[PDB]
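From first to last, the protein sequence lines are chains F, A, C and B. Numbering (the entry's author numbering) for the first sequence: 2 to 24, 34 to 53, 61 to 100, 118 to 126. Okay, so the second sequence: first residue is 1 according to the entry's author numbering, each after it adds one. Okay, so the third sequence: first residue is 1 according to the entry's author numbering, each after it adds one. Numbering (the entry's author numbering) for the fourth sequence: 1 to 185, 207 to 756. Have a look at the structure below, then the notes.
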Amino acid sequence: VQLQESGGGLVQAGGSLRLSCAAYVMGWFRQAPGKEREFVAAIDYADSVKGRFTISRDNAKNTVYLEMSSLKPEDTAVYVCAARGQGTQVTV
Amino acid sequence: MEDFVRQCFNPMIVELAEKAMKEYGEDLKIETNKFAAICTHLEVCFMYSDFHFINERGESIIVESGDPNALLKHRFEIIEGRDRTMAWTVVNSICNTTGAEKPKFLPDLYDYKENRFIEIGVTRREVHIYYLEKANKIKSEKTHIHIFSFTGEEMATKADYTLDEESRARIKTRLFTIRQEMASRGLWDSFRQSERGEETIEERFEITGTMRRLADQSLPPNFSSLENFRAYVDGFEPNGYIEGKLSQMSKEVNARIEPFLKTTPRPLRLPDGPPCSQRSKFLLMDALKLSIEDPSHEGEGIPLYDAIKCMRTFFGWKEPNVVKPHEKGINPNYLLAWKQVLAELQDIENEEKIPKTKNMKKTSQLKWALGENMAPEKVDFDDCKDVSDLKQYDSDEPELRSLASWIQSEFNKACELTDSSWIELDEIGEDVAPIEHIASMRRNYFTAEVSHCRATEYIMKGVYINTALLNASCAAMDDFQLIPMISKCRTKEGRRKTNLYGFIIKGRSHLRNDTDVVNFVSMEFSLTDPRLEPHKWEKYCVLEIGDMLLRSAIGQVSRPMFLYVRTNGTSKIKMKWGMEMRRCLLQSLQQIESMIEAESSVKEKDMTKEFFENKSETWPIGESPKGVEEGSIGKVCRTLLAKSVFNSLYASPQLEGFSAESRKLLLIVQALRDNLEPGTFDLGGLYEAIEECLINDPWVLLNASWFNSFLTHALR
Amino acid sequence: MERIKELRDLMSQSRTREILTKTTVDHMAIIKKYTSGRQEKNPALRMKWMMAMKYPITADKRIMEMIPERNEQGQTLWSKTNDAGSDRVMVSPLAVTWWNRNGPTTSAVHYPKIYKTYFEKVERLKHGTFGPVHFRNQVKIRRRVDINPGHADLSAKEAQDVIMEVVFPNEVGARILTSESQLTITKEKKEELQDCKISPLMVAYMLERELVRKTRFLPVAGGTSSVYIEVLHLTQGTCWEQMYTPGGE
Amino acid sequence: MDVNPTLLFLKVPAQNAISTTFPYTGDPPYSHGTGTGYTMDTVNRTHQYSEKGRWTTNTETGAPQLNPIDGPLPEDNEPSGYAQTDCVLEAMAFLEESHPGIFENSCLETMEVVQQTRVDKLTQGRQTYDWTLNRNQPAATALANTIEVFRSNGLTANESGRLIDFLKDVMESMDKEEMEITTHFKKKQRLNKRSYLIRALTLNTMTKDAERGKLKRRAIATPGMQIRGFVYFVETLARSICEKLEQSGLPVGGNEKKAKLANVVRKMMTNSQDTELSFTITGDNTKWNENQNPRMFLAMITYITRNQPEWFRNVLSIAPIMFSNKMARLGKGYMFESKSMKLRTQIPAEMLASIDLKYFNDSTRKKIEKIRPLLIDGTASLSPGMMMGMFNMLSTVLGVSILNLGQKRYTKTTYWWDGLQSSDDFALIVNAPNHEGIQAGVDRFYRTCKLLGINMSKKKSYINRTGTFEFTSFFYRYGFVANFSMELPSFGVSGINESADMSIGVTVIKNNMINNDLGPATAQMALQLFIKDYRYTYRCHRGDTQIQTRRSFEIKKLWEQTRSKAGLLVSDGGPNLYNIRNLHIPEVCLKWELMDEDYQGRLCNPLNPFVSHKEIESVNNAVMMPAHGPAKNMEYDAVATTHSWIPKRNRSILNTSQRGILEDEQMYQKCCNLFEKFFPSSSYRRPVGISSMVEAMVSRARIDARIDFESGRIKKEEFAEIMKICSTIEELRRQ
RNA sequence: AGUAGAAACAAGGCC
RNA sequence: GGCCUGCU
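Right, dumping it as structure tokens:
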């Protein structure tokens, strides 16, 4: 299992972003520049991201999605997919 | 390829497949595609069975996760994933509970709705061939079969598909996941065809390492290796090698036959030394009986009361005094023990009810007489090494003793009739067959002949004494116990009677091994003066205890009445074998009945009655100074019974050795008397073998004297 | 319910858990025969020596809750001290006789159906007819003869599968009996012993004895029939012949 | 007139009254103390009968070994163990020629058995020398301990459940640098290579008791568990071979022995014409076991297994290879007494190597001085010859080869001989036209025997005309004559239990009536005496008597309670209905129709707490060691009643450091009972497989709960409870 | 002392 | 003095 993340980038605070991972159970983790791994969402959601962020998957496209809304500067991280991907940069 | 099963599948399935791999004993490193194929089969089995539940209805309830409840029934219950023994256990259990038919091969699942089996198999090839293949493998099957194949197609007979279609979409999604993941791997160069059904193995038992060197040191002297010796053996063929060594072997190696003639056999030499002493555990020829004339049977009654009542029947008690000392012990101890026994007997007489079994006081008298606290204390060698006196136990040939004439007279009077019946036989099933009537008549004749015999009285005495002694030893291990010697007979008039020979005091009997010795002291009344044959009473202490008056035409005798007191001992084995003395009756009467049957095979008729009444035929059963004396069949019965009784009484290794080595010579002599040209290779060796068994036992020495007399009378 | 419960209780304690985990099924027999008790060399001597003790026999713990500890006069019937290497308790021989005079009673009607061989022997002898005894030398010649008169023409292994399927239908395994004689024997001995509660092991042993053929070498003179060999001790002797006809004929 | 029974032989031939010459009514001789003296004497005697051999020192065990094979030919009639390899190979070749296909077939069946044999077959044996504790223990216990030690050391091939794999592990253990054992006083001790080699090659020596027919005591040996599998396979091959030889009599019973003896004597005498004379030699072999070299058995087996798979040859050759290097433990030791200080001491035999000789008498001093050079680690090397009839069947094969070597095709002379051999005993019928021919034939037979390491006891042997002879206490005089004195010791209570003793006694009476020509009236007397002894032993008197015992009260109340008192068993104080016609019927079935239904139900109640059945093998089999013979087993007919209890055990283990064995026994028995309740066929057919207990038990719990709901008492509540309890025990076994 | 006979018993061990 | 074992 190889993994490729898409959908990261530079965004406004209070903005929205749709991450996707093309490629079993899946999830999303994030890594901020000063730390190790942080749990985000999986397909459950961590307290720092609950209500804001939704995880979904298509098993006929073979893709797991992370829909992120009302973004904060604290969400600035490399978001990795795992089944590990290389990660997609999200900067808020 | 194994990296795939490292990566994808869960642990549970991989170790299940590894144990299935170990099942049939083939190794995973040589061919792994089978592992992957059957683990995928097992995975489809799970994924098809799980997530499928049922409730009291049919119409399986399907839940993605079993909720906490009693409603966790599984729709399909798995067969495979188990050992062959358990797979067939489940097969048989389902057949016996469901009333269905037993398949001959392994199914994969069972279902309730349709009450039957499922044999799931997903093969690389397309379904529409594998299906009917496995179908013709299985004979006349009602178990429904369902198979998938990688292309994504499904099929089944009856057009039957037993559960939801989304589950089957699951199955084929799993299937193509497998397929286009090997696509990334690239295994189809062999995946379609990797197993062809190979079953072969060679058993290997290789000698190597140390065990090989041992094999190199277990050969004939001039061989260096097991390989060379085996090659020599394989190349060996018979070329007359026994003849060469036979010719070369010295001619002094021979088995020359020495003729055995009438003048060849010489009388067996008997050992010389001090006369032989008495070894019995009770008096045989010099016993005296105090009686009550009660109606009780042998076992019926209480011992102590009967003994006291019998002893009160005699009047004339005197203060006991020493007549013949032990010559090695302390006779005053025996005197005091006798008076103590009398005093405690009176003490029992006074109280309310005679106890069934009495314990005596442990005075110094019986402490010495019973050998108490005399065993050396057991210590460790590291603490006793400088003691000069420390040495082995005395282990040498027993003392040599010459035969005396008392044993001959004792055996003579052990075969004599009596004025009582000493055997009261048990009951048997009423005879129904004529042969049973013949047997009963024969048995009645022998009982009439042997019941009035001192041998039977000795049998009963020994049996009772040894039984009581063993029971007391096993029950009262610690404390000294009193046991009166009791034997019950029946007079000619028919009145039952009890007889009290004396008393036995049993001592400490903590017997662990079959050879451990329990010591007791025996006291017996008698009238035989010990001043006439002192050498026969070396180990006895004899007192004078009273006077007896037996009615005789010479006024009335008013004879003295002495007490033979001694310290004796026995063991568990000796007690057990002495309590089975009744088989002497068997031995003897089996011999007599064999005689009767052998003679009756000549004349076509039972010959018992005339043998026992007419008494015309007689057998040599003893020698008198005039010559050999013959007696009727009854006397032969009594003689053989006495011989067996004395064998049981004076048993010893000497007796066994002499019996064997003298039976050999008896057979040789019989062959000589039969004109069969007997021969021997070393007769002196046989004689030396016989003569080494005769050391000090009176019985074996008497047997040797009898054998010498038989040789003298034979060989004529 | 219970069975898995003592299973869990056993697995609770570490030692029994280890024994259950590391021990494989094949070693079952070994550990089952694992004992410190030597086989007696002289049984008669010790049977005559042990019976003089109090509490010389052994019985299951359940005896402590069916038979009172003492009888009317106070003679003890059982003790609570367990045997050397077992949970059974040592008890007195009176506890046997007590069980035969006030112990629980059952319906022994099916024992005749189980112990078929012995009851058939009894029935055969009860209806036998004896005859005159003829005294003449018998030329006893030694011959191989079958002693079991009810053998169903089956060997040990051949009837062992039948016995399992009759008693232990689930542990048969691969074997499904082909011969139709075995089919009828299974049917008969299944419907006959359907609820008998003596013991599976004794039922299997007696079925093995009844169906399996067994042969031994004996000195015979005449006869040679299975029914005439069981009474060989009563019909033939050293110098006498007793004509006999068992009840079967 | 003086009575003399022996004079009876002047009218009755010796064999017609030979029973009188068997004093089997008294206690047989027993040994009292150590058997170390006998062991040392046997070792020295075995080594000095082969003194002229050649000495070597094993590079593995470091022990001195004496090889007499191919040594100088004997020049005297004394016993000699100088067997010649070529002569014995030629004898085996002639045996094969006279019986073509014998070796190949026997090897085929032996190969089948070896490759299908299981490990559990080793449990079916009597005492064996466990090396884990250096003591004799039951075969099953020793096997379990050795398997545990092997598994702890890393040898787990025996988990395959095959005896061949167990032997593979045993051999692999020989090449290990350091093994570990357990000792209780638990301490883990390390055994180096040489120490373990000697512990696996050693034998335990004891003194034989209850041996009737000789003044002196003898010593016997018991091997370990590593070597018993090879011995089993070798003896299987030897038995398969001897079963094809009519001249052998070891693998058969007594009646077959008599039949073969009669056949051979008739064949030899009848075929002999008027011109040929016939003579029978009743021969015994002196020092039979001490003069049989294991190397010669190795030669015989490697000749037998020619043109066979090499693995079969290796596995069958391993046994004699180990016997050739066998060691013997000296014994218990020696006990000393000091009368001056009034004490006693017990020194173990292992100190004989270094202990001073001031404590020993002259005879023992010299024995120790002679045996010391062979002492290695408290045990003496006994390479030259076998100790006690471990290879009985191979010895019988060698004797049969000797017997067949005189079939008149190899004699090349007018004289010829045949006969029957059973180890240590033989009957030899030799025919020749004249006395000179008979003398030459017997001389050549003796000479050939001396070339194979077999000696004829001239002192215990004699030759007469054919028609009268002896063989293993069977006296033939124009037809075998019954003795009945050999079976006399078996007429008492066996000592198993009440019902078992009754059935065994009646069956023994019946058998001795059938075989040993026991008379009808004698049989009735035996029944009466046996019933008397039985009642007096089990305290079960007629009940209508006033014999007060520890059991006379309950018996009397049962008597007064019963209405039809004729149905009461003798064990419960009832009348005896046995007779000559009823000796083949169990007591329960003979009194079945007379019992009251209440007493009948109380007696034969399955729920009785007394009856205990362990395995199919021990249901109605009683091991009675017969007098003058090896231990034997008998099938006795009995009905499982409340009287079928099993007696108390020893109970002396509680005072020994080996006290934990009882706890292990209890736990193993609890687990076995649980498994049996889970697997009812555990007893009748021993389960097989490679899974562990809890897996099978939990999985069968799953399935049985399931199906017993699909019809039965279980309910959904209970079924789910069982399922989740199974899960609970699963996660418990996880941790 | 006694039993017994090529070595033992005439209680053992543990506190 | 108290308690344990009797083929280990």
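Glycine is no exception: its CB is placed at the ideal position from the N, C-alpha and C atoms.
Residue(s) in a DSSP beta bridge with residue i
i      : result
A:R566 : A:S522 and A:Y540
A:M548 : A:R559
A:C384 : DSSP lists no partner for A:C384.
B:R162 : B:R118
Rounded separation between residue i and residue j - CA only
i      : j      : result
A:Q587 : A:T418 : 21 Å
C:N42  : B:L509 : 15 Å
B:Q367 : B:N382 : 16 Å
A:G657 : A:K664 : 11 Å
F:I72  : F:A99  : 13 Å
A:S601 : C:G237 : 11 Å
Own chain partners of residue i with C-beta closer than 6 Å, once the 5 adjacent residues on each side are dropped
i      : result
A:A455 : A414, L641, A642 and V645
A:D479 : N359
A:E126 : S149
B:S633 : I667
Beta-carbon proximity list for residue i, same chain, < 7 Å, skipping 5 on both sides
i      : result
A:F260 : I668, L672, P678, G679 and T680
B:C561 : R572, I576, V591, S592, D593 and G594
A:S421 : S451, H452, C489 and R490
B:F696 : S703, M714 and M718
Cβ-Cβ distance between residue i and residue j below 9 Å
i      : j      : result
A:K113 : A:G197 : no
B:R563 : B:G595 : yes
A:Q278 : A:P698 : yes
A:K102 : A:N92  : yes
Start and end residues, beta strand (DSSP E) containing residue i
i      : result
B:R486 : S478 to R486
A:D67  : That residue, A:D67, is in no beta strand (DSSP E); it is neither H nor E in DSSP.
A:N466 : That residue, A:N466, is in no beta strand (DSSP E); its alpha helix (DSSP H) goes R454 to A475.
B:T326 : Neither: B:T326 is in no beta strand (DSSP E) and is coded neither H nor E.
B:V12  : That residue, B:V12, is in no beta strand (DSSP E); it is neither H nor E in DSSP.
C:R216 : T215 to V220
Endpoints, alpha helix (DSSP H) assigned at residue i
i      : result
B:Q460 : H456 to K471
A:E604 : That residue, A:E604, is in no alpha helix (DSSP H); it is neither H nor E in DSSP.
Beta-carbon contacts of residue i that lie in its chain and below 8 Å, excluding the five residues immediately before and after
i      : result
F:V2   : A24, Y34 and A100
B:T110 : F254, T257, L258, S261, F333 and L337
A:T570 : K281, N466, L469, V517, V518, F520 and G578
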